[PDB]
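> Experimental structure and its sequence below.
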Amino acid sequence: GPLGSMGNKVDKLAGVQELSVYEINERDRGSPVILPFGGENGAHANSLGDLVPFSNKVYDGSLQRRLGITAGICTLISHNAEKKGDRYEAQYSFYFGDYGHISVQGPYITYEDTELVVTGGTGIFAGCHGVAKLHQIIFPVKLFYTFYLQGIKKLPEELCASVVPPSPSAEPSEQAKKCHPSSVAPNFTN
Amino acid sequence: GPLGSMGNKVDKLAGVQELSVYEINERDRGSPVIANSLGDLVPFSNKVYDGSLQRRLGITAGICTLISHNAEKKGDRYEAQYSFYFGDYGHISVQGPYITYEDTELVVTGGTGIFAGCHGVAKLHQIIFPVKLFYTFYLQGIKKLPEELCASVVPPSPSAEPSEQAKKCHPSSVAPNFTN
Amino acid sequence: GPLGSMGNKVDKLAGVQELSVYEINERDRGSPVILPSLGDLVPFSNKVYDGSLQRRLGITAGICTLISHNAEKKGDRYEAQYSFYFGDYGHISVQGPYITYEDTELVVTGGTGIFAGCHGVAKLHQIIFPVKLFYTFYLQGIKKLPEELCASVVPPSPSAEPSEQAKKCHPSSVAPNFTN
Ligand SMILES: CC/C=C\C[C@@H]1O[C@@H]1C/C=C\CCCCCCCC(=O)O
Ligand SMILES: CC/C=C\C[C@@H]1O[C@@H]1C/C=C\CCCCCCCC(=O)O
Ligand SMILES: CC/C=C\C[C@@H]1O[C@@H]1C/C=C\CCCCCCCC(=O)O
């Protein structure tokens, strides 16, 4: 009916869905790269301006499927002698093969959880907005994210499998690591 | 009345409009600034014309970061952040994949002026790499676009060229205070 | 009732709220760094105060890329991607033009915390080049902003200065866990 149609349209516009994924640097992509553009003898020291292009692998929440990759850049903002607390400003995207991609913008802080802006998406993520929660499991090679996505159609079930709880021992299945056809997104990004 | 008002408001929030433009590198702005390994940065700025190729609208401006090389496809993946400037109309910002060997879809992160508050996607179609590109924007949540921006689109092809007056920025063939 | 519930939902989705802030470079963050004409990259981070200049909120952080020089107007055009951090309130991200010789409008790409799900535009006004700026955000789609962030705005001018308490980050004059 009229009020149902309207209600449903509004539900979608305001509706939020969660999506968890794992980001893993398997050290096989030459990433990350350090552009030490910021200011002992023949030794690098972090400073504002250092740029860090990067690209890592993306697996689903259940860790049984290779989905794609992250791709983008971080800029070093502040730092000191402590491991914890260095701040980067980042802009990058998550690629999910034929499903589409999600773009993000926001803080990356060494040894701290942060929240990033979801600037939008394509494919099944087209027109989304919201936030991504970034949790570091093993700094800096293993991360976990939960996206909170507003404004899109119900996510397909293969992206909503039971999530493995994030811990240092959490590992992709052997079949996913090897990119077996039964364990990848349609034309998974690589 | 009451349900009319609410419906219309929802109609705007949900509505999507197409907008097509041409991006052309005319070899005059010293763009881009450059291809191998990974992590290379490429700032750039090209000219933007309307879908009908009769009006010079502004420019693109932003950066691409090289991500990987593909030997089989003989191409490179970049991650891009840049904006389309339309003179006094405002601008549209995008973020996402820029890949030398194929078309891609980018995120429309928002806009200003008549594009204020928009969101959606931009389809990037390569005609001749890297000098001639054709984009179709799918823009959600803004008011009806002005007619000047919705003229019959010339189908993308190698013969597609801006009119002489657009190329020379003739007052009859530019956006108000077109971006340069 | 039903259509009241629906009405209030639409109201939020469509509603727009203003938020003004001051950005100030106090020369204590090693900002900015200039890295080479088109292509020059500039990382930066300055301090952010509230519209009333009585409260230190946080910082800005991001990068600008130099696009072009305008000999006539004696200025440069940059393309920027950066964020405003408001301590525990969350943050706002932006993308768009920064031009040394004139005011511009940027895209609000979104936000976190209380700003979660916002979209809109930010109006950038340069007071003192380049160490003091004034912004007004026009934020769509989020719940009512807290009063701390909505105090009476001091009209921007070169003499506009933050209070002694806010400058010294006194607990009475900071956002909760203000970003630093
Ligand atoms: C938000 C980006 C997602 C993961 C982090 C991305 O991989 C980039 C890390 C960026 C900054 C951290 C700086 C430490 C980099 C040291 C790398 C050492 C190594 O090669 O393992
Ligand atoms: C266009 C900005 C995005 C990506 C650039 C990508 O690195 C590729 C560009 C390569 C060459 C630019 C060629 C166009 C310049 C016109 C001068 C003609 C010429 O010398 O070939
Ligand atoms: C959107 C820009 C926001 C804040 C401005 C940011 O600091 C960047 C200004 C851009 C260009 C100025 C380039 C020359 C500045 C050198 C002087 C810096 C200083 O006084 O510490």
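Looks like it arrived, so ask away. Numbering: from 1, shown residues only, chains lettered A, B, ... in the order given. Ligands and ions are numbered 1, 2, ... in the order given.

> Show me where chain A has its helices.
Here chain A has its helices, by DSSP state H, at A:2-14, A:174-177.

> got the ones you listed as JSON lines, with distance to ligand 1 columns?
From N, CA and C alone the C-beta is placed, and that goes for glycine too. Listed next are these as JSON lines, based on distance: least, Cβ to the nearest ligand atom, whole Å:
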{"stretch": "helix A:2-14", "distance to ligand 1": "28"}
{"stretch": "helix A:174-177", "distance to ligand 1": "18"}
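
> ok, now which ones touch residue A:99?
A:67, A:123, A:124, A:125, A:156, A:159, A:185, A:186 (Cβ atoms under 8 Å, 6 or more residues apart in numbering or on different chains).

> now, which of those sits nearest ligand 1?
Using Cβ to the nearest ligand atom, residue A:67 is the member of those that sits closest to ligand 1, with 15.1 Å.

> How many residues are close by the residue in chain A positioned nearest to ligand 3?
Distance from ligand 3 to each residue of chain A (Cβ to the nearest ligand atom) is smallest for residue A:48, at 11.3 Å. Residue A:48 has 22 neighbours, counted by other Cβ atoms under 10 Å in any protein chain shown.

> Could you tell me which residues make contact with it?
By Cβ under 8 Å, 6+ apart, the contact list for residue A:48 reads A:38, A:76, A:77, A:78, C:29, C:30, C:31, C:32, C:33, C:43, C:45.

> again, only using 7 Å
Applying Cβ atoms under 7 Å, 6 or more residues apart in numbering or on different chains to residue A:48 gives the contacts A:38, A:76, A:77, C:30, C:31, C:33, C:43, C:45.

> Of the contacts of residue A:99, which is the nearest to chain C?
Among the contacts of residue A:99, residue A:125 lies closest to chain C (Cβ to the nearest Cβ), at 13.7 Å.

> ok, back up a step: mind putting the helices of chain A in TSV, mean neighbour count included?
Shown next, in TSV, are the helices of chain A (neighbours: other Cβ atoms under 10 Å in any protein chain shown):
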stretch	mean neighbour count
helix A:2-14	14
helix A:174-177	16
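
> Return the residues of chain A in contact with chain B.
Within chain A, the positions adjacent to chain B are A:6, A:9-10, A:13, A:30, A:33, A:35, A:53, A:55, A:71-73, A:91-93, A:101, A:103, A:119-122, A:126-127, A:129 by Cβ under 7 Å from any Cβ of the partner chain.

> at 6 Å instead, please
Residues of chain A lying close to chain B (Cβ under 6 Å from any Cβ of the partner chain) are A:9, A:13, A:30, A:33, A:53, A:55, A:71-73, A:91, A:93, A:103, A:119-120, A:122, A:126-127.

> that older thread, give me the subset of the contacts of residue A:99 lying in strands.
Assignment to strands by DSSP state E places the following of these there: residue A:67.

> Export the contacts of residue A:99 to a markdown table and append columns for distance to ligand 2.
Shown next, in a markdown table, are those (distance: Cβ to the nearest ligand atom, whole Å):
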| residue | distance to ligand 2 |
| --- | --- |
| A:67 | 27 |
| A:123 | 23 |
| A:124 | 27 |
| A:125 | 24 |
| A:156 | 33 |
| A:159 | 32 |
| A:185 | 27 |
| A:186 | 28 |
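
> Need the max-distance pair from the contacts of residue A:99.
A:125 and A:186 (14.6 Å; Cβ to Cβ).

> Just want to know which of these two has more residues nearby.
Shown here are residue A:125 and residue A:186; by other Cβ under 10 Å, residue A:125 has more neighbours (25 against 9).

> which residues does that one contact?
A:100, A:102 (Cβ atoms under 6 Å, 6 or more residues apart in numbering or on different chains).

> same thing but 10 Å
A:19, A:94, A:96, A:99-103, A:118, A:147, A:149, A:151-153, A:155, B:107, B:121 (Cβ atoms under 10 Å, 6 or more residues apart in numbering or on different chains).

> Just the buried subset of the residues you listed, please.
Using 16 or more other Cβ atoms under 10 Å in any protein chain shown as the burial test, the contacts of residue A:125 include A:19, A:94, A:96, A:99-103, A:118, A:147, A:149, A:151-152, A:155, B:107, B:121 as buried.

> Cross the residues you listed against strands and list the overlap.
Short answer: those in strands (DSSP E) are A:19, A:94, A:101, A:102, A:103, A:118, A:147, A:149, B:107, B:121.

> now the second one, nearest residue through space, not along the chain?
So that's residue A:94. The spatially closest residue to residue A:94, leaving aside those adjacent along the chain, is residue A:102, at 4.6 Å (Cβ to Cβ, 6 or more residues apart in numbering or on different chains).

> how close does residue A:113 sit to chain C?
Using Cβ to the nearest Cβ, to the nearest Å, residue A:113 is found at 12 Å from chain C.

> quick one: that residue and ligand 2, what's the gap?
35 Å (Cβ to the nearest ligand atom, to the nearest Å).

> One more: residue A:167?
Taken as Cβ to the nearest ligand atom, the span from residue A:167 to ligand 2 is 41 Å.

> same question, residue A:109
If you go by Cβ to the nearest ligand atom, the gap between residue A:109 and ligand 2 works out to 31 Å.

> List the beta-bridge partners for that residue.
residue A:87 (DSSP bridges).

> List the contacts of it.
A:77, A:78, A:84, A:85, A:86, A:87, A:88, A:134, A:136.

> go again using 7 Å as the cut-off
Residue A:109 touches A:85, A:86, A:87, counting by Cβ under 7 Å, 6+ apart.

> need the contact list for the second one.
Contacts for residue A:86 (Cβ under 7 Å, 6+ apart) come out as A:46, A:78, A:79, A:109, A:110.

> residue contacts, the residue nearest to residue A:26 when sequence neighbours are not counted?
Sequence neighbours aside, residue A:57 is the residue nearest to residue A:26 in space, at 5.7 Å (criterion: Cβ to Cβ, 6+ apart). Counting by Cβ under 7 Å, 6+ apart, residue A:57 touches A:24, A:26, A:66, A:69.

> Which of those sits closest to chain C?
residue A:69 (20.6 Å).

> State whether that closest one and residue A:189 are indeed in contact, as I suppose.
Yes. Counting by Cβ atoms under 7 Å, residue A:69 does reach residue A:189; the two are 5.0 Å apart.

> which residues do the two both contact?
Joint contacts of residue A:69 and residue A:189 (Cβ under 7 Å, 6+ apart) are residue A:95.

> Around ligand 2, pick out the residues from chain A.
For chain A, no residue is in contact with ligand 2 (Cβ under 6 Å from any ligand atom).

> Point to the residue nearest the middle of chain A.
The structure's chain A has its C-alpha centroid closest to residue A:94; by Cα atoms, centre = their mean the separation is 5.4 Å.

> That one bridge partners, please.
Here residue A:94, judged by DSSP bridges, has bridge partners residue A:70, residue A:102.
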